[PDB]
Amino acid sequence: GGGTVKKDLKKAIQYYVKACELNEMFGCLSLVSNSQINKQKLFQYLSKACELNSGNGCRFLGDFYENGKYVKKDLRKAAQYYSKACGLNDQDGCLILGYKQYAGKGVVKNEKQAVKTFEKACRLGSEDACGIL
């Protein structure tokens, strides 16, 4: 029991909590993928990372509201986090925001604004955004 894959996951936690707070590549993704972290702790960790202006952290926190499985579904608060993420130059953050803006999902429907968000997401490396445009 003290050498299992679950023990190694427990040990990786604090490491990825740091990585996620500092927005290092794949750092919040690793938290999201880590089965030894329950959703409440995860929410706590992404919330602290987004408060530290981790673009990835906001982008993943946004999903909890968008989904409404672990916290009550709230499209508007989901969009606020995706927007905060995009403002922090998060590639996925701007892409997701542009889909929400084009549909009016949790934000006012605004295709013109969406097109500009997509141009930014494309500038940040989103091929999908570049192709939509």
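One-based numbering along the sequence shown.
Asks: Should the higher mean CA B-factor in the entry be assigned to 66-74 or to 94-102?
Replies: Averaging CA B-factors over each stretch, the winner is 66-74.
Asks: If you average the Cα B factors in the entry, which is higher, 53-61 or 34-42?
Replies: According to the PDB entry, the answer is 34-42.
Asks: According to the PDB entry, is the CA B factor of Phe118 in the bottom, middle or top third of its chain, that is, lowest, middle or highest?
Replies: It falls in the bottom third of the chain.
Asks: Rank-wise, by C-alpha B-factor, drop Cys20 into the lowest, middle or highest third of its chain.
Replies: It belongs to the lowest third of the chain when residues are ordered by C-alpha B-factor.
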